[PDB]
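Nothing in this text is a laboratory measurement; each read-out follows from the coordinates by a stated rule. Virtual Cβ from ideal backbone geometry, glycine too; neighbours counted across all protein chains shown.
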Protein chains: 2
Amino acid sequence: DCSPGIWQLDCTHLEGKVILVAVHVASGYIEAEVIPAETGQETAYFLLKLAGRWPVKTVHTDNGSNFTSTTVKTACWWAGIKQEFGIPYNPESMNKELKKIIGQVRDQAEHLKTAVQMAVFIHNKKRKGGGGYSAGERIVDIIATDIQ
Amino acid sequence: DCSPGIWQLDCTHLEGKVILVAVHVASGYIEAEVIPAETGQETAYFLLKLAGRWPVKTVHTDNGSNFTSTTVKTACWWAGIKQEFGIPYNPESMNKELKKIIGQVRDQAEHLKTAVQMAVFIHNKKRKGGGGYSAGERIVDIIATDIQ
Ligand SMILES: Cc1nc2ccc(Br)cc2c(-c2ccc(Cl)cc2)c1[C@H](OC(C)(C)C)C(=O)O
Ligand SMILES: Cc1nc2ccc(Br)cc2c(-c2ccc(Cl)cc2)c1[C@H](OC(C)(C)C)C(=O)O
Ligand SMILES: [As]
Ligand SMILES: [As]
Ligand SMILES: [As]
Ligand SMILES: [As]
């Protein structure tokens with residue numbers, strides 16, 4: 001479906017903590033991290049990290065206020081990210097599933113942050129089996145083809 | 001050169017802090033993070049995170065003691081990682097370069113951790129221009145081909 005440089009980024013809450021989830025919209029691949037607080041600095045830093053790893057051209061969010069601080073706009077400026085406008089908003093979600101996966105592994109770990117990376121791993125390696133690729137395989141296929 | 005599932009993982013120090021650098025040996029692509037201390041818990045957690053994102057089968061290090069705690073061995077156990085034995089050790093380095101890149105951007109950021117992600121970004125997007133791919137492009141080409 002979508003252009004290969006579009007990501008969605010949102011926060012969810014669990015155990016009084018904050019989880020920042022990035023989804024590569026064309027593949028369903030996710031990167032996620034437990035942040036100590038839902039702040040502009042945390043998002044800017046996560047954006048730098050994400051952009052260093054994948055070719056990130058536009059990012060969408062379901063809370064536009066998330067991207068208004070100069071701190072975040074400076075990270076996008078530096079990394080060359082645009083904020084996406086082609087996905088409008090209805091008053092996905094691969095955020096519910098990652099909440100279901102976390103509950104399922106929650107007791108395998110003391111910290112939520114560990115349970116989260118467990119769930120990311122399971123999500124990205126899960127064979128979405130129809131011709132049955134995982135999201136980890138799909139992102140790589142999509143970005144590689146878009147190069148070659 | 002190398003199998004597409006081999007990574008090298010090491011720590012370096014800067015500004016009294018610790019930087020954990022993972023290199024995808026076949027492509028030169030790096031992921032790096034500033035950790036508060038050089039501990040088994042930090043490495044296990046980083047391993048979970050790395051394995052959720054790329055198909056990681058073996059990891060090498062230049063300090064074998066790094067991987068001896070049960071904490072780390074449990075992360076590899078869970079993620080299905082083997083510790084690599086096919087790269088022997090002479091009594092790379094893409095660790096020096098990332099130290100050169102950091103110095104070059106150091107004043108663009110208050111925190112070292114920010115400067116580090118800046119340097120990762122520059123390193124991975126740098127056109128190694130001979131037929132002139134970047135490490136970010138090469139990793140994706142290598143893993144995709146190894147699927148298809
Ligand atoms: C705090 C912790 N302590 C441990 C102590 C001994 C052992 Br054996 C494993 C862990 C693990 C542990 C748990 C699961 C896996 Cl797969 C690997 C290590 C954790 C996990 O935290 C990290 C990964 C940050 C170290 C956790 O959240 O429970
Ligand atoms: C602490 C900090 N405060 C800021 C305050 C205002 C503005 Br405008 C930018 C920053 C940036 C800043 C610097 C560079 C870029 Cl590219 C984006 C934001 C940082 C950087 O830290 C992060 C990314 C964690 C917020 C830094 O280390 O200096
Ligand atoms: As958020
Ligand atoms: As932006
Ligand atoms: As280390
Ligand atoms: As291991």
- Message: Just to verify a result, which residue in segment B:34-55, among those that are facing another protein chain (nearest Cβ under 10 Å) and within 16 Å of ligand 5 (Cβ to nearest atom), is surrounded by the fewest Cβ atoms within 10 Å (Cβ to Cβ)?
- Response: B:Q41
- Note on the structure: Counting only helices (runs of 4 or more DSSP H) wholly inside segment B:46-145, the ones holding at least 1 residues that are closer than 26 Å to A:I147 by Cβ and aliphatic (A, V, I, L, M) are B:96-105, B:112-125
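Table: residues versus (1) touching a strand residue (DSSP E or B) at 6+ places or on another chain (Cβ under 9 Å); (2) among the charged types (D, E, K, R); (3) under 25 Å from A:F121 (Cα atoms).
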site	(1), (2), (3)
B:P36	yes, no, yes
B:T43	yes, no, yes
B:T58	yes, no, yes
B:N63	yes, no, no
B:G80	no, no, yes
B:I87	yes, no, no
B:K99	yes, yes, no
B:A119	yes, no, no
- Task: Restrict the check to segment A:11-20 and report whether at least one residue is within 16 Å of ligand 4 (Cβ to nearest atom), assigned to a strand (DSSP E or B) and under 30 Å from A:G129 (Cβ atoms).
- Result: yes
- Message: A:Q108 - would you say it is surrounded by fewer than 16 Cβ atoms within 10 Å (Cβ to Cβ) and more than 11 Å from chain B (Cβ to nearest Cβ)?
- Response: no
- Task: Those residues that are closer than 14 Å to A:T58 by Cβ and either within 14 Å of chain B (Cβ to nearest Cβ) or surrounded by 13 or more Cβ atoms within 10 Å (Cβ to Cβ) (or both), I need them from segment A:78-102; list them, please.
- Result: A:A79, A:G80, A:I81, A:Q83, A:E84, A:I87
- Task: Read through the list (1) surrounded by 12 or more Cβ atoms within 10 Å (Cβ to Cβ); (2) facing chain B (nearest Cβ under 9 Å); (3) more than 17 Å from the chain's Cα centre (by Cα); (4) not acidic (D, E), then give the number of the only condition that A:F121 fails.
- Result: (3)
- Could you count how many residues in segment A:129-141 are under 19 Å from the mean Cα position of the chain (by Cα) and more than 9 Å from every other protein chain (Cβ to nearest Cβ)? 3
- Those residues of segment B:23-77 which are within 16 Å of ligand 2 (Cβ to nearest atom) and either hydroxyl-bearing (S, T, Y) or in contact with an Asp or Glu (Cβ under 6 Å, 6 or more places away or on another chain) (or both), in sequence order: B:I35
- If you check every pair at least six apart or on different chains, which have Cβ atoms under 7 Å apart with a residue in segment B:95-124 that is among the hydroxyl-bearing types (S, T, Y) first and a residue that is buried (at least 17 other Cβ atoms within 10 Å of the Cβ) and part of a helix (DSSP H, G or I) second? B:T114/A:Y45; B:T114/A:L48
